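Q: One structure, pasted below without further comment.
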Amino acid sequence: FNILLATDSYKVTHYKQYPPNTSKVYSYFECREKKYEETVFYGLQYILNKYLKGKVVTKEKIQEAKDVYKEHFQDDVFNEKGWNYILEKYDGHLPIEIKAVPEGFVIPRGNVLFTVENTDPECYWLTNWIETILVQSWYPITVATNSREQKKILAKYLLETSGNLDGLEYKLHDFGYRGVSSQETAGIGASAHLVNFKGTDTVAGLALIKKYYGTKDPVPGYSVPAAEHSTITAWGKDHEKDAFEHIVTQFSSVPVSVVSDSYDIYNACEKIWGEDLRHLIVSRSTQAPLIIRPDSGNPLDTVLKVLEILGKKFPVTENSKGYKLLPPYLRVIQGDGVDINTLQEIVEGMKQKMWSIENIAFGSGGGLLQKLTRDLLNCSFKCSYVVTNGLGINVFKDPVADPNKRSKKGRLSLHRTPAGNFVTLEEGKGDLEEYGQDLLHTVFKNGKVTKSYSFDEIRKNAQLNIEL
Amino acid sequence: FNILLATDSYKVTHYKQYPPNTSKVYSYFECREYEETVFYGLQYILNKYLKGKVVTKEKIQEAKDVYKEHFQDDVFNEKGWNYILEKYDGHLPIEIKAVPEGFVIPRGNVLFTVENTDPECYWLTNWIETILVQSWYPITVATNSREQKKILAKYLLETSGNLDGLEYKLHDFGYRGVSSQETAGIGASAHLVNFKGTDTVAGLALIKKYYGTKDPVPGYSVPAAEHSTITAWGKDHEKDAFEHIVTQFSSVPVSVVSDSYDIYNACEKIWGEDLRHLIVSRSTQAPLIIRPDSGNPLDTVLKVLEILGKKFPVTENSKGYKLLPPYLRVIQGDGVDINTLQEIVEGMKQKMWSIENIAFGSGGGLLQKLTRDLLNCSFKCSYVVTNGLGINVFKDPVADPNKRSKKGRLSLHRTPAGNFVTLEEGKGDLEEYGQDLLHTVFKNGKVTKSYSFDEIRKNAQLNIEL
Ligand SMILES: COc1ccc(CN(CC[C@@]2(C(C)C)CCOC(C)(C)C2)C(=O)c2ccco2)cc1
Ligand SMILES: COc1ccc(CN(CC[C@@]2(C(C)C)CCOC(C)(C)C2)C(=O)c2ccco2)cc1
Ligand SMILES: NC(=O)c1cccnc1
Ligand SMILES: NC(=O)c1cccnc1
Ligand SMILES: [Cl-]
Ligand SMILES: [Cl-]
Ligand SMILES: [Cl-]
């Protein structure tokens, strides 16, 4: 990886555009106000460690960048002297200070999350060079936030239909490995989901957490044996029952998920599980349920009909809240068409039909890890303060046609209000000490990571109020 | 990277689930029934992740240790992975056949097939589904970028009478707006199949390493301002910022974001009056490109053109459309996706503005606002051999006929009328439809056929270009 080639092309030309005698450029990241009222701050530590810390500049990396940019711009605009200064003066360590809110912190929209400034006047251009790399923090923030918003929905309906939150942390499983844009995205997004939940098939998340964050536990996430269409259909259309019997016999003493919609989900539930193989299900341990997996049709209609079928073939109980409960050897996972909108529709539809949320778990792939943009929380990096000719200037944009794109002015700090909420103070007003100490911590300075969070601390920070 | 840790967790358990006496699992990828897709990106995945010695003793032990904790159970196929290590020096006993990269193929056609070449590794075909299915992303970026090229080509031809500058009309602004550094490189490279303009530098190194071009680089950019380089001058000094930037870049094209405070003021009073002398003096090879970046994308473009048309000498081209002087152009780089791009060029045509006047920048719309569901990219088992007998295999869910999968051994053919057909159930072997367009690209740990980026661009050309 070469940080000289890890920026938007136009940033190569910016050192020539700032006012002459600029010694400081100070910038900040926020999830701008435009429901998603609060965001989980997660993922900066990965970026600091993988891309920004240590000797990130070499003679070879400067020459490679110079040669690429000569052809890319058909011109010599690359700041070879600027990058040589960092190599010679700081042994290729970035003279940058980053201050950040602690990872896992849940912060309302429109608040400073991190700030970036140069620590050497010669490197005024370096602050916004690394905008592109740092702004990619939008992705883990947005995955972690969207995953937590789904946990809030599941927690509300599980508490209402069961009276407790038992099994909440296994109710939204990451199915998204095949449905993301790259191996690197898979690791980052799966790790962001595991801030809120413990169930993942995106194995890439485990190694990222272990290398960059750390857990007391051997692994941060768990899975179970499960079928796919290929392991059912390989037996032939007329032998679906033989596939089912083989798979539940192979996994007789652990939980096993079996996709049941290869030909006819309703037939599979009522005739194959419900009659032909019923003797192999009712014998199973509470620690080894069969989880029936529909994977096609209208998500709500399919879940309700599957539960109606299973409710007639298996002994249903009524829990202490008056909701119906399958026997403990039998559960359902809906792994198709799940996003934050359909998840809400399904748990509401189950509640209206008196089915406990105890009965169901969700799998989400594209909806969880891919169907998200930087526009969802309006993640944005802007210059708010410069020093030119030794004089500090509060700087901002304020486009006439979009007040939502107005940026904050001057040196920023994050504070608790007297009522215990968050406020971002602008124009250096944090210095007045009317709001106590700045909640941002220096996490990066002059090529070193200076403060860091375990994955266990991030999980505690990101807990729901209902969990607390 | 450890390929034993690069699958969906459940695939770790599938070797126990296949019918006993299964010697072959044969699987295919299609974009299930955006009427045609650009096949691009498989060669990246083959080289980066699948080729050479991908299994070691250390990688087997590491997978075993992770899976023991992940499943709280010993289900990992240590024996199967150790067999590949000892028998084949850790080279995957897999054969992949693929349509050539850059080929534009209608929906619902086989694009590549995967099968095991050793009966012991029946389980390996679908192990690598997860890695291979990520080809959805470069296919979808390349396809969506090409569909935007079709819209731009149509309106440029109608309003100008030619396609000059088409290849610079959709610029990649997406580096900050994608999920990772790796996604940036793959997505940017997929866009460059169709266009030559990118700020996503990561695409250049990917193309050089995995595909190659005759030209030094596949993609180009221009000096351009950002809000930081304008706003740093202070609110009262926007004119000083513009003057400094166009003077620093007097001899090359320069893009200047003009909406920091008031885009309409900047166009009419700063560019249009105060600094007009620095603009009308510029070369045809060194235009000012004014960049709005806020408000309604269509309304803002139309009002910016109306303003510039009243301050600068406009001509009428041979098609009757209004053309700014050659030293002055516009780039709309905010809120651009395939839907709004169409709205903007249609709105310009109705107001008699040539598409010659404008280029588009697209970030999230181009590289991030896409899913595997857009072209229904999907990998399914179509054929197995069990007890030495070949069986046609498929799914056909009662509640969704759109998820019905193809049966048996597949081949891709030209029809008599020059279209495409996928033959099922091994009917390619009858040879009624000429040569299979699938070629072996990977066999037993070796990439057997490669394409240059130059070949891929040729294959993905528009009809209007031909
Ligand atoms: C990938 O497929 C999945 C994933 C998660 C679930 C939810 N699970 C399994 C939970 C456990 C882990 C290892 C996933 C943890 C708690 O107790 C156990 C039952 C012993 C195992 C369920 O039992 C379930 C499904 C629907 C409602 O409840 C079901 C299927
Ligand atoms: C990133 O900002 C951009 C990118 C591309 C454009 C389009 N360009 C510049 C094209 C060239 C660049 C991309 C190397 C190639 C052709 O010849 C030149 C005019 C000399 C230069 C334009 O001139 C333009 C904008 C709107 C309509 O036309 C404009 C702004
Ligand atoms: N474990 C599963 O059922 C699963 C995993 C990934 C994608 N689809 C389903
Ligand atoms: N060159 C540009 O104007 C640009 C690049 C990346 C993102 N936004 C704008
Ligand atoms: Cl599946
Ligand atoms: Cl080895
Ligand atoms: Cl910008």
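A note on labels: chains of the structure tokens are A, B, ... as shown, every chain counts residues from 1, and ligands are counted from 1 in their shown order.
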Counting only C-alpha atoms, what is within 10 Å of residue 32 in chain A, bar same-chain residues fewer than 4 positions away, as a PyMOL selection string?

A: chain A and resi 108-112+375-381+404-407

Q: Tell me which protein, DNA and RNA residues are within 12 Å of residue 34 in chain B, counting only C-alpha atoms, leaving out same-chain ones fewer than 4 positions away, and put them as a PyMOL selection string.

A: chain B and resi 38+104-108+139-148+150+338+373-376

Q: Just the selected residues (N, CA, C and O atoms), exported as a PDB file, in the first residue's frame, please.

A:
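File produced: part-v9.pdb:
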ATOM      1  N   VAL B  38     -21.837  -6.329 -18.563  1.00  0.00           N
ATOM      2  CA  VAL B  38     -20.396  -6.397 -18.906  1.00  0.00           C
ATOM      3  C   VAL B  38     -19.748  -7.411 -17.967  1.00  0.00           C
ATOM      4  O   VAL B  38     -19.771  -7.193 -16.753  1.00  0.00           O
ATOM      5  N   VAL B 104     -20.260  -8.359 -23.490  1.00  0.00           N
ATOM      6  CA  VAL B 104     -21.581  -7.807 -23.101  1.00  0.00           C
ATOM      7  C   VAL B 104     -22.636  -8.880 -23.385  1.00  0.00           C
ATOM      8  O   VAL B 104     -22.837  -9.212 -24.559  1.00  0.00           O
ATOM      9  N   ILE B 105     -23.240  -9.436 -22.336  1.00  0.00           N
ATOM     10  CA  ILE B 105     -24.058 -10.678 -22.449  1.00  0.00           C
ATOM     11  C   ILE B 105     -25.442 -10.379 -21.909  1.00  0.00           C
ATOM     12  O   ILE B 105     -25.562  -9.820 -20.817  1.00  0.00           O
ATOM     13  N   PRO B 106     -26.530 -10.757 -22.615  1.00  0.00           N
ATOM     14  CA  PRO B 106     -27.868 -10.602 -22.054  1.00  0.00           C
ATOM     15  C   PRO B 106     -28.045 -11.354 -20.723  1.00  0.00           C
ATOM     16  O   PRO B 106     -27.393 -12.386 -20.492  1.00  0.00           O
ATOM     17  N   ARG B 107     -28.924 -10.826 -19.876  1.00  0.00           N
ATOM     18  CA  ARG B 107     -29.386 -11.447 -18.613  1.00  0.00           C
ATOM     19  C   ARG B 107     -29.775 -12.915 -18.843  1.00  0.00           C
ATOM     20  O   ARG B 107     -30.324 -13.241 -19.914  1.00  0.00           O
ATOM     21  N   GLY B 108     -29.514 -13.755 -17.843  1.00  0.00           N
ATOM     22  CA  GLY B 108     -30.017 -15.142 -17.792  1.00  0.00           C
ATOM     23  C   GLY B 108     -29.131 -16.088 -18.562  1.00  0.00           C
ATOM     24  O   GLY B 108     -29.622 -17.131 -18.988  1.00  0.00           O
ATOM     25  N   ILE B 139     -18.792  -6.467 -12.105  1.00  0.00           N
ATOM     26  CA  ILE B 139     -19.763  -6.630 -13.221  1.00  0.00           C
ATOM     27  C   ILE B 139     -20.789  -5.495 -13.132  1.00  0.00           C
ATOM     28  O   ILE B 139     -21.103  -4.878 -14.157  1.00  0.00           O
ATOM     29  N   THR B 140     -21.321  -5.243 -11.945  1.00  0.00           N
ATOM     30  CA  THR B 140     -22.421  -4.262 -11.752  1.00  0.00           C
ATOM     31  C   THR B 140     -21.883  -2.840 -11.955  1.00  0.00           C
ATOM     32  O   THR B 140     -22.582  -2.036 -12.598  1.00  0.00           O
ATOM     33  N   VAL B 141     -20.702  -2.509 -11.436  1.00  0.00           N
ATOM     34  CA  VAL B 141     -20.125  -1.153 -11.664  1.00  0.00           C
ATOM     35  C   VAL B 141     -19.917  -0.967 -13.176  1.00  0.00           C
ATOM     36  O   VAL B 141     -20.314   0.096 -13.687  1.00  0.00           O
ATOM     37  N   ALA B 142     -19.354  -1.963 -13.866  1.00  0.00           N
ATOM     38  CA  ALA B 142     -18.992  -1.853 -15.300  1.00  0.00           C
ATOM     39  C   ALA B 142     -20.284  -1.695 -16.098  1.00  0.00           C
ATOM     40  O   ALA B 142     -20.351  -0.856 -17.030  1.00  0.00           O
ATOM     41  N   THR B 143     -21.300  -2.461 -15.718  1.00  0.00           N
ATOM     42  CA  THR B 143     -22.616  -2.469 -16.404  1.00  0.00           C
ATOM     43  C   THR B 143     -23.343  -1.129 -16.199  1.00  0.00           C
ATOM     44  O   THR B 143     -23.809  -0.515 -17.204  1.00  0.00           O
ATOM     45  N   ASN B 144     -23.435  -0.680 -14.957  1.00  0.00           N
ATOM     46  CA  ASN B 144     -24.101   0.603 -14.611  1.00  0.00           C
ATOM     47  C   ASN B 144     -23.365   1.787 -15.271  1.00  0.00           C
ATOM     48  O   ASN B 144     -24.056   2.691 -15.783  1.00  0.00           O
ATOM     49  N   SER B 145     -22.029   1.767 -15.302  1.00  0.00           N
ATOM     50  CA  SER B 145     -21.218   2.826 -15.947  1.00  0.00           C
ATOM     51  C   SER B 145     -21.504   2.826 -17.464  1.00  0.00           C
ATOM     52  O   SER B 145     -21.715   3.894 -18.048  1.00  0.00           O
ATOM     53  N   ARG B 146     -21.604   1.646 -18.076  1.00  0.00           N
ATOM     54  CA  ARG B 146     -21.856   1.502 -19.529  1.00  0.00           C
ATOM     55  C   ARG B 146     -23.263   2.021 -19.857  1.00  0.00           C
ATOM     56  O   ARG B 146     -23.428   2.687 -20.897  1.00  0.00           O
ATOM     57  N   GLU B 147     -24.246   1.755 -18.994  1.00  0.00           N
ATOM     58  CA  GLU B 147     -25.636   2.222 -19.210  1.00  0.00           C
ATOM     59  C   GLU B 147     -25.651   3.753 -19.172  1.00  0.00           C
ATOM     60  O   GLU B 147     -26.391   4.350 -19.960  1.00  0.00           O
ATOM     61  N   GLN B 148     -24.842   4.380 -18.316  1.00  0.00           N
ATOM     62  CA  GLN B 148     -24.739   5.863 -18.270  1.00  0.00           C
ATOM     63  C   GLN B 148     -24.038   6.372 -19.533  1.00  0.00           C
ATOM     64  O   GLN B 148     -24.471   7.413 -20.075  1.00  0.00           O
ATOM     65  N   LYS B 150     -24.365   4.989 -22.429  1.00  0.00           N
ATOM     66  CA  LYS B 150     -25.428   4.890 -23.475  1.00  0.00           C
ATOM     67  C   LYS B 150     -26.294   6.150 -23.474  1.00  0.00           C
ATOM     68  O   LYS B 150     -26.593   6.655 -24.581  1.00  0.00           O
ATOM     69  N   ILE B 338     -27.523   7.151 -12.259  1.00  0.00           N
ATOM     70  CA  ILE B 338     -28.029   6.864 -13.630  1.00  0.00           C
ATOM     71  C   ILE B 338     -29.371   7.584 -13.849  1.00  0.00           C
ATOM     72  O   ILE B 338     -29.603   8.044 -14.988  1.00  0.00           O
ATOM     73  N   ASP B 373     -28.316  -7.625  -5.885  1.00  0.00           N
ATOM     74  CA  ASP B 373     -29.732  -7.801  -6.316  1.00  0.00           C
ATOM     75  C   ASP B 373     -30.031  -7.015  -7.603  1.00  0.00           C
ATOM     76  O   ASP B 373     -31.040  -7.331  -8.248  1.00  0.00           O
ATOM     77  N   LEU B 374     -29.209  -6.030  -7.983  1.00  0.00           N
ATOM     78  CA  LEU B 374     -29.508  -5.150  -9.137  1.00  0.00           C
ATOM     79  C   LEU B 374     -29.547  -5.981 -10.431  1.00  0.00           C
ATOM     80  O   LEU B 374     -30.490  -5.784 -11.211  1.00  0.00           O
ATOM     81  N   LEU B 375     -28.580  -6.878 -10.650  1.00  0.00           N
ATOM     82  CA  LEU B 375     -28.537  -7.787 -11.834  1.00  0.00           C
ATOM     83  C   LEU B 375     -28.847  -9.233 -11.408  1.00  0.00           C
ATOM     84  O   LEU B 375     -28.660 -10.157 -12.238  1.00  0.00           O
ATOM     85  N   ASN B 376     -29.258  -9.438 -10.156  1.00  0.00           N
ATOM     86  CA  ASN B 376     -29.541 -10.783  -9.580  1.00  0.00           C
ATOM     87  C   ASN B 376     -28.371 -11.736  -9.852  1.00  0.00           C
ATOM     88  O   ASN B 376     -28.603 -12.839 -10.400  1.00  0.00           O
TER      89      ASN B 376
END

Q: List every residue of range 320-455 of chain B that DSSP, applied to the backbone, labels as strand (DSSP E or B), and write the result as number ranges by chain.

A: B: 322-323, 328-332, 353, 358-362, 377-386, 389-392, 411-414, 420-423, 439-443, 446-447

Q: Name the residues, by chain letter and number, that sit within 7 Å of ligand 3 using only C-alpha atoms and all ligand atoms, and give them as a list in words.

A: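 The distance check yields residues 175, 176, 177, 201, 226, 227, 228, 257, 335 and 365 of chain A; 8, 9 and 10 of chain B.
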
Q: Enumerate as an MDAnalysis selection string the residues within 6 Å of ligand 1, counting only C-alpha atoms and all ligand atoms.

A: chainID A and resid 170 173 199 222:224 255 257 287:288 291 331:333 358:361

Q: Could you save the residues just selected, with N, CA, C and O atoms, as an mmCIF file, in the first residue's frame?

A:
data_model
loop_
_atom_site.group_PDB
_atom_site.id
_atom_site.type_symbol
_atom_site.label_atom_id
_atom_site.label_comp_id
_atom_site.auth_asym_id
_atom_site.auth_seq_id
_atom_site.Cartn_x
_atom_site.Cartn_y
_atom_site.Cartn_z
ATOM 1 N N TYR A 170 -28.274 -13.023 19.211
ATOM 2 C CA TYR A 170 -28.205 -14.024 18.111
ATOM 3 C C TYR A 170 -29.356 -13.825 17.118
ATOM 4 O O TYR A 170 -29.535 -14.689 16.253
ATOM 5 N N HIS A 173 -28.239 -12.291 12.125
ATOM 6 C CA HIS A 173 -27.030 -13.021 11.678
ATOM 7 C C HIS A 173 -26.525 -12.414 10.366
ATOM 8 O O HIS A 173 -27.341 -12.173 9.454
ATOM 9 N N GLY A 199 -23.664 -13.211 16.129
ATOM 10 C CA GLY A 199 -23.878 -14.218 15.069
ATOM 11 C C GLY A 199 -23.387 -13.728 13.725
ATOM 12 O O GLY A 199 -23.866 -12.679 13.267
ATOM 13 N N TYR A 222 -19.965 -16.152 16.358
ATOM 14 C CA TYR A 222 -20.276 -17.594 16.385
ATOM 15 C C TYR A 222 -21.222 -17.931 15.237
ATOM 16 O O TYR A 222 -21.982 -17.049 14.765
ATOM 17 N N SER A 223 -21.212 -19.193 14.835
ATOM 18 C CA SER A 223 -22.173 -19.711 13.837
ATOM 19 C C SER A 223 -22.580 -21.142 14.180
ATOM 20 O O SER A 223 -22.142 -21.674 15.215
ATOM 21 N N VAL A 224 -23.434 -21.710 13.334
ATOM 22 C CA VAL A 224 -23.948 -23.096 13.465
ATOM 23 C C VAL A 224 -23.846 -23.757 12.103
ATOM 24 O O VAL A 224 -23.817 -23.082 11.073
ATOM 25 N N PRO A 255 -27.031 -27.294 17.062
ATOM 26 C CA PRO A 255 -28.096 -26.639 16.303
ATOM 27 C C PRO A 255 -27.803 -26.824 14.806
ATOM 28 O O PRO A 255 -26.638 -26.866 14.416
ATOM 29 N N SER A 257 -29.347 -25.446 10.895
ATOM 30 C CA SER A 257 -30.244 -24.664 10.018
ATOM 31 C C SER A 257 -30.395 -25.411 8.699
ATOM 32 O O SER A 257 -29.364 -25.821 8.140
ATOM 33 N N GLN A 287 -30.474 -27.553 23.343
ATOM 34 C CA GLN A 287 -29.158 -26.999 22.926
ATOM 35 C C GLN A 287 -28.875 -27.360 21.456
ATOM 36 O O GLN A 287 -27.831 -26.930 20.953
ATOM 37 N N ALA A 288 -29.760 -28.100 20.782
ATOM 38 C CA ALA A 288 -29.544 -28.579 19.392
ATOM 39 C C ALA A 288 -30.833 -28.485 18.586
ATOM 40 O O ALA A 288 -31.240 -29.458 17.958
ATOM 41 N N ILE A 291 -33.407 -25.471 13.013
ATOM 42 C CA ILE A 291 -33.865 -24.125 12.605
ATOM 43 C C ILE A 291 -34.288 -24.238 11.141
ATOM 44 O O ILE A 291 -33.424 -24.492 10.292
ATOM 45 N N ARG A 331 -37.030 -24.024 15.721
ATOM 46 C CA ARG A 331 -36.990 -22.556 15.496
ATOM 47 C C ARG A 331 -37.020 -22.262 13.994
ATOM 48 O O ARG A 331 -36.947 -23.205 13.177
ATOM 49 N N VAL A 332 -37.134 -20.969 13.666
ATOM 50 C CA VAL A 332 -37.187 -20.450 12.272
ATOM 51 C C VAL A 332 -36.125 -19.362 12.122
ATOM 52 O O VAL A 332 -35.973 -18.537 13.044
ATOM 53 N N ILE A 333 -35.440 -19.345 10.978
ATOM 54 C CA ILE A 333 -34.614 -18.179 10.575
ATOM 55 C C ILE A 333 -35.071 -17.705 9.192
ATOM 56 O O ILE A 333 -35.158 -18.542 8.254
ATOM 57 N N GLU A 358 -39.344 -14.883 20.298
ATOM 58 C CA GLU A 358 -38.485 -16.038 20.696
ATOM 59 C C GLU A 358 -38.357 -17.061 19.547
ATOM 60 O O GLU A 358 -37.310 -17.748 19.465
ATOM 61 N N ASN A 359 -39.382 -17.195 18.706
ATOM 62 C CA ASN A 359 -39.492 -18.260 17.675
ATOM 63 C C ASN A 359 -38.529 -18.029 16.503
ATOM 64 O O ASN A 359 -38.284 -18.991 15.761
ATOM 65 N N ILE A 360 -38.056 -16.796 16.303
ATOM 66 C CA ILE A 360 -37.447 -16.380 15.011
ATOM 67 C C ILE A 360 -36.090 -15.729 15.250
ATOM 68 O O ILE A 360 -35.876 -15.088 16.293
ATOM 69 N N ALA A 361 -35.221 -15.901 14.267
ATOM 70 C CA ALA A 361 -33.996 -15.118 14.069
ATOM 71 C C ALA A 361 -34.000 -14.650 12.613
ATOM 72 O O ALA A 361 -34.762 -15.212 11.780
#

Q: What's the 10 Å shell around range 61-71 of chain A, counting only C-alpha atoms, without same-chain residues fewer than 2 positions away, as a ChimeraX atom specification?

A: /A:1-6,9,12,56-59,73-81,83-84,87 /B:201,204-205,215-221

Q: So that I have them on file, write out the residues from the current selection with C-alpha atoms, as an mmCIF file, in the first residue's frame.

A:
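Generated file (out_17.cif):
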data_model
loop_
_atom_site.group_PDB
_atom_site.id
_atom_site.type_symbol
_atom_site.label_atom_id
_atom_site.label_comp_id
_atom_site.auth_asym_id
_atom_site.auth_seq_id
_atom_site.Cartn_x
_atom_site.Cartn_y
_atom_site.Cartn_z
ATOM 1 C CA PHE A 1 0.000 0.000 0.000
ATOM 2 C CA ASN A 2 1.246 3.527 -0.920
ATOM 3 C CA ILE A 3 -0.493 6.446 0.928
ATOM 4 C CA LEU A 4 0.861 8.827 -1.826
ATOM 5 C CA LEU A 5 -1.507 6.941 -4.240
ATOM 6 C CA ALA A 6 -4.437 6.621 -1.696
ATOM 7 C CA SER A 9 -6.462 12.786 -7.712
ATOM 8 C CA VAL A 12 -2.402 16.114 -5.441
ATOM 9 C CA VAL A 56 4.331 5.336 5.492
ATOM 10 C CA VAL A 57 6.755 7.302 3.188
ATOM 11 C CA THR A 58 9.856 5.829 1.409
ATOM 12 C CA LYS A 59 12.065 6.990 -1.545
ATOM 13 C CA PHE A 73 -2.176 14.582 -15.097
ATOM 14 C CA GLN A 74 0.033 14.664 -18.269
ATOM 15 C CA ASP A 75 1.929 17.266 -16.147
ATOM 16 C CA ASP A 76 4.387 17.598 -13.177
ATOM 17 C CA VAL A 77 2.058 18.809 -10.361
ATOM 18 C CA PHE A 78 3.017 16.171 -7.677
ATOM 19 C CA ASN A 79 4.525 17.721 -4.439
ATOM 20 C CA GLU A 80 7.767 15.616 -4.473
ATOM 21 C CA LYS A 81 9.510 18.210 -2.182
ATOM 22 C CA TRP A 83 6.739 14.307 0.678
ATOM 23 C CA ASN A 84 10.603 14.308 0.697
ATOM 24 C CA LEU A 87 10.686 11.313 4.722
ATOM 25 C CA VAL B 201 -6.193 6.667 -8.072
ATOM 26 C CA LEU B 204 -4.686 2.618 -11.842
ATOM 27 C CA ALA B 205 -2.453 0.182 -9.811
ATOM 28 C CA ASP B 215 -0.813 3.287 -22.600
ATOM 29 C CA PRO B 216 1.194 4.303 -19.465
ATOM 30 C CA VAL B 217 -2.133 4.744 -17.486
ATOM 31 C CA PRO B 218 -5.793 3.768 -18.134
ATOM 32 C CA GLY B 219 -7.260 6.926 -16.484
ATOM 33 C CA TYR B 220 -6.620 10.693 -16.318
ATOM 34 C CA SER B 221 -7.509 13.744 -14.195
#

Q: For CA of residue 412 in chain A and atom 6 (C, counted along the ligand's line) of ligand 4, determine how far apart the two atoms are, in Å to one decimal place.

A: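 Between CA of residue 412 in chain A and atom 6 (C, counted along the ligand's line) of ligand 4 the gap is 25.1 Å.
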
Q: Counting only C-alpha atoms, a student should be able to say which residues of chain A come within 6 Å of chain B; what is the right answer, written as a count of residues only?

A: 46

Q: Could you pull out the residues sitting within 6 Å of ligand 2, using only C-alpha atoms and all ligand atoms, and write them as a count of residues only?

A: 18

Q: Could you check which of A:466, A:322, A:88, A:430 is closest to residue 165 in chain A, using only C-alpha atoms?

A: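 For residue 165 in chain A, the nearest of the candidates is A:466.
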
Q: Just how far from CA of residue 138 in chain A is CA of residue 420 in chain A, in Å to one decimal?

A: 25.9 Å

Q: Around ligand 6, out to 9 Å and counting only C-alpha atoms and all ligand atoms, which residues are there? I want them as a PyMOL selection string.

A: chain B and resi 53+55-60+85-86+89-90

Q: Which residues, written as a list in words, have at least one atom at most 7 Å from residue 321 in chain A, with only C-alpha atoms counted and residues fewer than 3 positions away on the same chain left out?

A: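 What passes the distance filter is residues 161, 162 and 163 of chain A.
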
Q: Can you write just those residues out, C-alpha atoms, as a PDB file, in the first residue's frame?

A:
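Produced file selection25.pdb, reproduced below:
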ATOM      1  CA  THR A 161     -43.671 -10.810  23.407  1.00  0.00           C
ATOM      2  CA  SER A 162     -41.358 -12.752  25.885  1.00  0.00           C
ATOM      3  CA  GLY A 163     -40.823 -10.379  28.901  1.00  0.00           C
TER       4      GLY A 163
END

Q: Could you pull out the residues in range 208-287 of chain B that DSSP calls alpha helix (DSSP H) from the backbone, as a ChimeraX atom specification?

A: /B:208-210,227-231,238-248,263-265,276-279

Q: Since we have the selection now, will you write its residues out, keeping C-alpha atoms, as an mmCIF file, in the first residue's frame?

A:
data_model
loop_
_atom_site.group_PDB
_atom_site.id
_atom_site.type_symbol
_atom_site.label_atom_id
_atom_site.label_comp_id
_atom_site.auth_asym_id
_atom_site.auth_seq_id
_atom_site.Cartn_x
_atom_site.Cartn_y
_atom_site.Cartn_z
ATOM 1 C CA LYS B 208 -1.420 -2.247 -14.114
ATOM 2 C CA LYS B 209 -0.919 -5.339 -11.820
ATOM 3 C CA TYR B 210 -3.820 -7.629 -13.027
ATOM 4 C CA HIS B 227 -14.233 23.609 -0.475
ATOM 5 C CA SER B 228 -11.092 23.630 1.794
ATOM 6 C CA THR B 229 -8.914 25.424 -0.894
ATOM 7 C CA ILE B 230 -11.665 28.088 -1.506
ATOM 8 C CA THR B 231 -12.978 28.565 2.098
ATOM 9 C CA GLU B 238 -13.623 33.921 -2.592
ATOM 10 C CA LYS B 239 -12.582 36.078 -5.617
ATOM 11 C CA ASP B 240 -8.913 35.984 -4.402
ATOM 12 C CA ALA B 241 -9.145 32.144 -4.125
ATOM 13 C CA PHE B 242 -10.561 31.797 -7.709
ATOM 14 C CA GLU B 243 -7.942 34.238 -9.120
ATOM 15 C CA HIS B 244 -4.986 32.398 -7.403
ATOM 16 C CA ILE B 245 -6.217 28.935 -8.543
ATOM 17 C CA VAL B 246 -6.913 29.752 -12.274
ATOM 18 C CA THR B 247 -3.523 31.643 -12.354
ATOM 19 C CA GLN B 248 -1.611 28.685 -10.742
ATOM 20 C CA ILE B 263 -23.003 29.535 -6.842
ATOM 21 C CA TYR B 264 -25.220 32.044 -8.766
ATOM 22 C CA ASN B 265 -23.239 35.080 -7.439
ATOM 23 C CA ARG B 276 -13.937 37.380 -16.793
ATOM 24 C CA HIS B 277 -10.575 38.712 -18.240
ATOM 25 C CA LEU B 278 -8.700 35.645 -16.776
ATOM 26 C CA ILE B 279 -11.276 33.230 -18.382
#

Q: Can you list, as a list in words, every protein, DNA or RNA residue that comes within 8 Å of residue 330 in chain A when you count only C-alpha atoms, leaving out same-chain residues fewer than 5 positions away?

A: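 Listed by chain and then number, they are residues 281, 289, 290, 291 and 292 of chain A.
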
Q: Using C-alpha atoms, can you export the residues from the last selection as a PDB file, in the first residue's frame?

A:
ATOM      1  CA  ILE A 281     -37.038 -33.358  15.320  1.00  0.00           C
ATOM      2  CA  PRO A 289     -32.706 -27.178  17.721  1.00  0.00           C
ATOM      3  CA  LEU A 290     -33.639 -27.653  14.062  1.00  0.00           C
ATOM      4  CA  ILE A 291     -33.865 -24.125  12.605  1.00  0.00           C
ATOM      5  CA  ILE A 292     -36.125 -24.172   9.480  1.00  0.00           C
TER       6      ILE A 292
END

Q: Between A:211, A:382, A:408, A:459, which is the closest to residue 46 in chain A once you count only C-alpha atoms?

A: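 When distances to residue 46 in chain A are compared using only C-alpha atoms, the smallest one comes from A:211.
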